[PDB]
Protein chains: 2
Amino acid sequence: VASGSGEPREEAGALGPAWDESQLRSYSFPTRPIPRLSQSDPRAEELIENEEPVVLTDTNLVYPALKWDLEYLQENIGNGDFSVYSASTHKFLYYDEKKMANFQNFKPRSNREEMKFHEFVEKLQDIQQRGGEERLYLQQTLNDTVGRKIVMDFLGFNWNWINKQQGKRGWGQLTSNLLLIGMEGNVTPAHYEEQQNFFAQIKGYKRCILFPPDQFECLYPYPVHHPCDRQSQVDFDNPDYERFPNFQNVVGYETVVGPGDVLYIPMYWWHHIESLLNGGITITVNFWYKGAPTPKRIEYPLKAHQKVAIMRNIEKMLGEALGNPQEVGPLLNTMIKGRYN
Amino acid sequence: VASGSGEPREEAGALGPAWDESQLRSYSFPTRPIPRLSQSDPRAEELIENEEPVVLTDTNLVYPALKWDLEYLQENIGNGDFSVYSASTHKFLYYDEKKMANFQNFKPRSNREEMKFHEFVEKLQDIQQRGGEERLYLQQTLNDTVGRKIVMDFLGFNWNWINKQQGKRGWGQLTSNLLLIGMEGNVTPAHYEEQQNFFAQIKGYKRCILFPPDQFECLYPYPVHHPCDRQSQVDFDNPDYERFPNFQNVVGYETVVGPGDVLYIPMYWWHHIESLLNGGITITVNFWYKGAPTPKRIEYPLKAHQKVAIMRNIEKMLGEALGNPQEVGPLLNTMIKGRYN
Ligand SMILES: O=C(O)CCC(=O)C(=O)O
Ligand SMILES: O=C(O)CCC(=O)C(=O)O
Ligand SMILES: [Fe+2]
Ligand SMILES: [Fe+2]
């Protein structure tokens, strides 16, 4: 019951296992599977209602994007600019650029490079043609600049289903759809979002490991003013148990998504996302929504995400009040040592 | 220059030393003297302006109370009720009774007993008449119930001088005058107030050891929701250097006040106050004032007292937001461990 993603699934038409376990990276912690359910299944509505993750196998959320692949996209996506992240390791740590002002003892290991889609397909082409070690990850918000066919594709997504979802959950407005295109083996390490997320897998296979918000103590997010806010400081490949002792208690929910699957990633759930090894390129489109309004007014006992939201707001104000985010830590220490520990 | 209170002072009319060093308790930390100045001395106005302590030797702030002693007071103070604190040790730790609700794993070592002045003089009389170990400390806000002569005494205090002080400093309104009557050897252990304080010594001799607000890290105040809020957790007689390691770095300002001296105790300065051993009873009246309005608006770098005020407000809100003061500590810990330490 520390199973993981379970035995792989059998493709339709006897096409053999979609993937196998040697495509999965190995970690220090155990996992239990996220349930794969039909969208008509009351249990799946239960999970989303309760803000627990679920993999919906038949939404058709992005049915028209299933034909997408690089040739189609290059052909049809337009000449807009695309954010492409670079890296020498498999782990793409994200940096918030606005936050980089107030941390100088920071340098990147992943640079954003703006480029046209064909330049991406191309940069992508040079690297394989020469066996390079390097890696790229395109991640760009879909918007109005995109070509006529992609727009027809987009309009054909299952808005009726996801709008009913937005409605039933009291969510706010859709903030963005991000288009993600990755190389095999790319990892987006563990982090959380403040939005609700339907994560709609289009091409290839991604393993998604989620941790609930009550595992905050085991995952050690960066300081809120740090550029890696909301990301774990823990290197999942080489965990430093002396700095991060509660990582030894972390327990995850795990699944592998393929073409057609939608993974509900609930607000504040940590997620770690890796494109299978030797699985080829992956494509995904996500759907971020604001999140229902905080109830006027509060009921106890608070949920884990609400305690998180509180920690963030304390860090933020202290940032403002002290005039400088760098003084947040010494102040907090002074506040607890010999007082609350 | 770790001098302390200096060589004792010589009473007028060759009456020999007012007190001597064997009347002073001994502690683990060093001290430098607080300056004793005349009220007309520009340097004394400098210190108060800068919120540094100073002992003013000639204010006449409470000239008419200098004749006070127990017989006079019993005779003249009326039949109102007087708060009298009790104790088996020399250290009178104060408890805030409103706060006792939310800490049950608390019992007192100092009970407030309401009683008439003559009952105090009397309880006081039984104990000496029989050589008891016990101790009392009367501490009661002067108010309208007091007898005609005490009121004449009070009206004769030097309002012209202290009102000019209130005015020059932009202080708010006088909140209370507390009347303190102690037995020789009584200690009010280290704590801070949020008000400004002119501490006006009337009978006997008190040693006052002050620490500036920037020594917060060395003095380990109780949690703000604890009943001993604003008091040091450190036992000055037996300091626990394992829980309170920064106590080994504490440095104090020290003085001995006698009849006629006024000690300015600035807002947020820690003070520890002991009535000299074998010095007899002490009498003091203080004058608490609100404190100038926080500037609209803030200028950096912040002063130590302002960082303190911030720590308090964080603890308070977290108290409110979590629904329970008991959860403040675990939350703060979760926030810093592996994150800010
Ligand atoms: O696919 C990825 O690697 C990133 C996905 C993600 O973090 C998200 O959709 O919130
Ligand atoms: O005289 C004492 O022991 C207490 C005085 C004091 O703490 C004050 O006036 O703020
Ligand atoms: Fe994410
Ligand atoms: Fe005090």
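Residues numbered from 1 in each chain as written, not as in the entry; some residues may be left out. Chains lettered and ligands numbered in written order. Heavy atoms only, no water. Residues with missing side-chain atoms left out of burial classes, pairs and counts.

The name given to chain A in the PDB entry is Hypoxia-inducible factor 1-alpha inhibitor, with the source organism recorded as Homo sapiens. We quote the UniProt Cofactor comment for chain A here in full: "Fe(2+)". (UniProt positions renumbered as here; feature names shortened; annotations may be inferred.)

## Remarks on the site of ligand 2
Residue and element names in this part refer to chain B. All residues in the neighbourhood of ligand 2 are listed as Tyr137, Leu180, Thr188, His191, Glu193, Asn197, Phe199, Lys206, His271, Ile273, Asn286 and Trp288. Contacts to ligand 2 include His191, whose side-chain N or O atom sits 3.0 Å from an oxygen atom. One of the side-chain N or O atoms of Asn197 is found 3.0 Å from an oxygen atom in ligand 2. Within the residue set of the shell around ligand 2, elements represented by two or more residues are strand 9 (187-191), strand 10 (196-203), strand 14 (270-275) and strand 15 (282-289). Broken down by class, the residue content of the shell around ligand 2 amounts to five nonpolar, five polar and two charged. (Near = heavy atom within 4 Å. Polar contact = N/O pair within 3.5 Å; in protein donor to acceptor, adjacent residues only side chain to side chain. Helix = DSSP H or I, 4+ residues; strand = E, 2+ residues; numbered from the N terminus. Nonpolar A, V, L, I, M, F, W, Y, C, P; charged D, E, K, R; others polar.)

## Regarding the interface of chain A and chain B
Contact residues are listed per partner, giving 36 residues for chain A and 36 residues for chain B. Approximately 3200 Å² of surface area, both sides summed, lies buried where chain A meets chain B, with 65% of it carried by carbon and sulfur atoms. A per-residue breakdown of the area chain A buries against chain B is headed by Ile314, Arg339 and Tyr340 of chain A, which together make up 22% of the total. At the surface where chain A touches chain B, the tally comes to four salt bridges. Of the charged contacts in the structure, one is a salt bridge between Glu315 of chain A and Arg339 of chain B, with a shortest N-O distance of 2.8 Å. Taken together, the connections running from chain A to chain B amount to 18 residue pairs in polar contact. Looking at the side of chain A that touches chain B, the elements with two or more residues in it are helix 6 (216-219), helix 7 (304-322) and helix 8 (328-336) of chain A. For the side of chain A that touches chain B, the leading source of residues is helix 7 of chain A, giving nine residues. (Contact = heavy atoms within 4.5 Å. Buried area = accessible area lost by both parts, 1.4 Å probe. Salt bridge = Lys/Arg side-chain N within 4 Å of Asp/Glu carboxyl O.)

## Some thoughts on the coordination of the iron ion (ligand 3)
Coordination of the iron ion (ligand 3) by the protein is provided by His191 of chain A (NE2), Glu193 of chain A (OE) and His271 of chain A (NE2), with metal-donor distances spanning 1.9 to 2.3 Å. The exposure class of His191 of chain A is buried, given its relative accessible area of 11%. (Donors = N, O, S within 2.8 Å, 3.2 Å for Na, K, Ca; no water. Buried < 20%, exposed > 50% of the residue type's maximum accessible area, 1.4 Å probe, protein only.)

## Observations regarding unusual backbone geometry
Along the chain, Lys296 of chain A connects to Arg297 of chain A via a cis peptide bond; the corresponding omega equals 0 degrees. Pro301 of chain A follows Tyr300 of chain A through a cis peptide bond whose omega is 5 degrees. Here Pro301 of chain A is to be found in the loop between strand 15 (282-289) and helix 7. Look at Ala14 of chain A: it is not a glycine, yet its phi comes out positive at around 55 degrees. Locating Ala14 of chain A in the fold gives a position in the segment before strand 1 (31-33). The backbone of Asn278 of chain B sits at a positive phi, close to 50 degrees, despite the residue not being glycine. Here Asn278 of chain B shows up in the loop between strand 14 and strand 15. Taking relative accessible area as the criterion, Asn278 of chain B reaches 71% and is therefore assigned exposed.

## With respect to the sheet that holds strand 11 (residues 206-211) of chain B
Adjacent strands of a sheet pair through backbone hydrogen bonds, lying either parallel or antiparallel. All names here are of chain B. The five strands lie next to each other as 1-12-11-14-9, forming an open sheet whose pairing is mixed. With one partner strand each, in any of the chains shown, strand 1 (31-33) and strand 9 form the two edges of the open sheet. Each adjacent strand pair in this sheet contributes to an overall mean axis angle of 25 degrees, direction not counted. As paired strands, strand 1 and strand 12 (residues 252-257) are joined by three bridges and run parallel to one another. By the bridge assignment for strand 12, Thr31 is matched with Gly252. (Pairing = 2+ DSSP bridges. Axes fitted to C-alpha atoms, helices over the stretch in contact; angles between N-to-C directions.)

## Points about the site of ligand 1
All names here are of chain A. Near ligand 1 the following residues occur: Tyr137, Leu180, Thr188, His191, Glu193, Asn197, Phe199, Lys206, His271, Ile273, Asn286 and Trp288. Side-chain polar atom of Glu193 to an oxygen atom of ligand 1: 2.5 Å apart, as the coordinates give it. Between ligand 1 and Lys206 there is a distance of 2.8 Å, counted from an oxygen atom to a side-chain nitrogen or oxygen. Notes on ligand 1: free accessible area 300 Å², of which the protein chains cover 96%. Residue assignment for the shell around ligand 1 shows that the elements contributing at least two residues are strand 9 (187-191), strand 10 (196-203), strand 14 (270-275) and strand 15. (Areas by Shrake-Rupley, 256 points an atom, 1.4 Å probe, with all protein chains shown as cover.)

## A short note on the environment of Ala292 of chain B
All names here are of chain B. Following the sequence through the fold, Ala292 ends up in the loop between strand 15 and helix 7 (304-322). According to the relative accessible area criterion, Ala292 is partly exposed, its value standing at 38%. Sequence spacing of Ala292 and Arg169 is 123 residues, and the spatial spacing of their C-alpha atoms is 7.0 Å. Once residues lying within four places of it in the same chain are set aside, the contact partners of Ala292 are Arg169, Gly170, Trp171 and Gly172.

## Description of a negative patch on the surface
All names here are of chain A. Together, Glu113, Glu119, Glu122 and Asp126 line one region of the surface with negative charge. The dominant element in the negative patch, judged by the number of residues it contributes, is helix 3 (residues 117-129), at three residues. Structurally, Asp126 can be placed in helix 3. (Patch = residues over 30% accessible without salt bridge, like charges linked within 9 Å, V, L, I, M, F, W, Y side chains within 5 Å. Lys, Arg positive; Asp, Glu negative; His and termini not counted. Charge placed at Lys NZ, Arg CZ, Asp CG, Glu CD.)

## Notes on the sheet that holds strand 14 of chain A
Residue and element names in this part refer to chain A. Strand order in the open sheet made by the five strands is 1-12-11-14-9, with mixed pairing throughout. Pairing within the sheet leaves two strands with one partner each, and these edge strands are strand 1 and strand 9. If you compare each strand with its neighbour and ignore which way they point, the axes differ by 25 degrees on average. Two strands pair when backbone bridges link them, and strand 11 (residues 206-211) and strand 12 (residues 252-257) are joined in this way by five bridges, in the antiparallel orientation. Bridge pairing in strand 12 links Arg207 to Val256.

## Overview of the coordination of the iron ion (ligand 4)
Where a metal carries four tetrahedral donors, each ideal angle is 109.5 degrees; where it carries six octahedral donors, the ideal angles are 90 or 180 degrees. All names here are of chain B. Within the protein, the atoms that donate to the iron ion (ligand 4) are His191 (NE2), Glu193 (OE) and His271 (NE2), at distances of 1.9 to 2.3 Å. Look at where the donors of the iron ion (ligand 4) fall in the sequence and you get H-x1-E-x77-H. With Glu193 in the loop between strand 9 and strand 10 and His271 in strand 14, this pair connects stretches of sequence that are 78 residues apart. Since its relative accessible area comes to 11%, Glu193 is described here as buried. A relative accessible area of 3% means that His271 is categorised as buried.

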